Amino acid sequence: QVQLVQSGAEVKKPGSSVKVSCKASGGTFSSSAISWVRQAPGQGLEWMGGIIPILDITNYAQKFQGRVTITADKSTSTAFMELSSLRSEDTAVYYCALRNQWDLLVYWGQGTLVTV
Amino acid sequence: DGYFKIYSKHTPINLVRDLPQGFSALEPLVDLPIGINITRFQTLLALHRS
Amino acid sequence: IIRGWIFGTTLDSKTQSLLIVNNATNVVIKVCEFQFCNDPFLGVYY
Amino acid sequence: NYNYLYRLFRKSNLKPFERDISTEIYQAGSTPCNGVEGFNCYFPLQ
Amino acid sequence: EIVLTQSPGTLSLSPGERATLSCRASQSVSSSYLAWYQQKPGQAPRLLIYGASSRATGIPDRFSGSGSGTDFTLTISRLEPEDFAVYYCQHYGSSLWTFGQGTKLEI
Ligand SMILES: *[C@@H]1O[C@H](CO)[C@@H](O)[C@H](O)[C@H]1NC(C)=O
Ligand SMILES: *[C@@H]1O[C@H](CO)[C@@H](O)[C@H](O)[C@H]1NC(C)=O
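Protein chains in written order, with the entry's author numbering: chain A, 1 to 52, 52A, 53 to 82, 82A to 82C, 83 to 100, 100A, 101 to 111; chain B, 198 to 247; chain C, 100 to 145; chain D, 448 to 493; chain E, 1 to 27, 27A, 28 to 106.
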């Protein structure tokens, strides 16, 4: 039922920000939680942070405490993550993932490559 | 509940301008099994086209 | 001169509407997905 | 047999004995729907 | 935080053999929040096991697992060539996520 749809790949210059868009298909944007996970080339996954769109609450990984702002648009069922002050160190695939309350499954988007 | 209920009366008049004063109760005319919403309406009039 | 009424919502072929018209021959009642004119009318020639 | 359908999407509940046979694509969010079954657009019938 | 460590970091096995991958938590975790994933290069992680059991929809069914407390295992009953992959366990604590260690499996 649940589908996560992400925006395409981008190329950035140092110091710029990247805003990744994740649309929640299948509904239940509210009463669910959305997190963002990064995968630098050659690395495993790491948590960046997330948001609960219904409760208007954000939460961040210590590694990413600051620089990144996570928001959610209830009207368009879309979550966003904007990571500022980019460096070549941030080349990674940025993934959107979510879980509904009442469920156990974690649904994933495609992952978008952002280079700097 | 889907029914278009119409009540009516046809009486003689001899007037100009506004509605006449008085009292008359309308009688049921028809009760149509239509099943539609009908929020708006428009009145249809004929023209005296030459 | 007054012949009838159109009862409906959008009045543009997308939904049904009720057309009640005294057509000066018959009285015609139809419920259809009618598309209406922007100035509906009837007329008489002398 | 796939010729039998029911409505899956509607904007508001149906009143007693009214029928709604519109097939306009249902919009399930604020993004305007252009009749194309994209992210928040659905054929209303299943 | 709670750190998950998997073992062996890398391993070479033959198709047709049984294989297991361990996942140890530095602190006890609820089994209900643990999951295992499979990854191939260029692909998004695929869920196999959740709630430390519960095979995922569409899974090959060659995969199963169990555990409690600090010790969990992913078992592949027979390896097929398609099962040689990076595998990891993660904890979905919902306020805390834990990732790391791919116990990379090769032929
Ligand atoms: C409308 O009027 C014409 C005569 O002008 C008549 O022949 C026709 O039958 C009427 N329409 C209906 C539905 O009866
Ligand atoms: C009737 O039309 C209004 C729009 O003016 C709409 O909000 C309402 O839901 C409709 N009701 C039914 C039963 O179709």
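Every residue gets a Cβ at the ideal spot worked out from N, C-alpha and C, and that includes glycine.
Discussion item. Excluding the 5 residues flanking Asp60(E) on each side, which residues of the same chain have their C-beta closer than 8 Å to its C-beta?
Written reply: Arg54
Worksheet item: Which chain C residues are close to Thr240(B), counting only those with a beta carbon under 7 Å from its beta carbon?
Response: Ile101 and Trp104
Worksheet entry | 8 Å Cβ cut-off: residues of chain D touching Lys113(C) | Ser469 and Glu471
Worksheet item: Are the CB atoms of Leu242(B) and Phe140(C) nearer to each other than 8 Å?
Response: yes
Item to complete: Could you spell out where the beta strand (DSSP E) holding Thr72(E) opens and where it closes?
Response: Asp70 to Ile75
Worksheet item: What residues sit near ligand 2, counting only those whose C-beta is closer than 7 Å to one of its heavy atoms, in chain order?
Response: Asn234(B), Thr236(B), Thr108(C), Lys458(D), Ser459(D), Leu461(D), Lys462(D), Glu465(D) and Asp467(D)
Worksheet item: Among residues of its own chain, excluding the 5 on either side of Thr72(E), which ones have a beta-carbon nearer than 8 Å to its beta-carbon?
Response: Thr20, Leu21, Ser22, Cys23, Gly64, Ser65 and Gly66
Worksheet item: Ordered along the chain, which non-local residues of its own chain (more than five positions away) have a Cβ less than 8 Å from that of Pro230(B)?
Response: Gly199 and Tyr200
Fill in: Neighbouring residues, chain D, relative to residue 115(A) (Cβ below 9 Å)
For residue 115(A) there is no data in the structure shown, the boundaries of chain A being 1 and 111.
Worksheet item: Roughly how far, in whole angstroms, is the beta-carbon of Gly103(C) from the beta-carbon of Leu244(B), given that I think they are within contact range, below 8 Å?
Response: Not quite, the Cβ-Cβ distance comes to about 14 Å (not below 8 Å), so this is no contact.
Discussion item. I'd like to check one pair, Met48(A) with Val67(A): are the Cβ atoms closer than 8 Å?
Written reply: yes
Worksheet item: So what does DSSP say about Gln61(A), is it helix, strand or coil?
Response: helix
Item to complete: Pick out whichever of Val89(A), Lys73(A) and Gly15(A) has its Cα sitting closest to the Cα of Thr28(A).
Response: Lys73(A)
Discussion item. Once DSSP output is grouped into helix, strand and coil, what is the label at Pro230(B)?
Written reply: strand
Worksheet item: What do you reckon, are the CB atoms on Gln39(A) and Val89(A) nearer than 8 Å?
Response: yes
Worksheet entry | Contacts that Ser477(D) makes with chain A (C-beta to C-beta distance below 8 Å) | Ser74 and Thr75
Worksheet item: Counting only beta-carbon atoms, is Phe486(D) nearer than 8 Å to chain A?
Response: yes
Worksheet item: Which chain C residues are close to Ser247(B), counting only those with a beta carbon under 8 Å from its beta carbon?
Response: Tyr144 and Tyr145
Worksheet item: By a C-beta neighbour count over all protein chains shown, 10 Å radius and 16 as the cutoff for buried, is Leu216(B) buried or exposed?
Response: exposed
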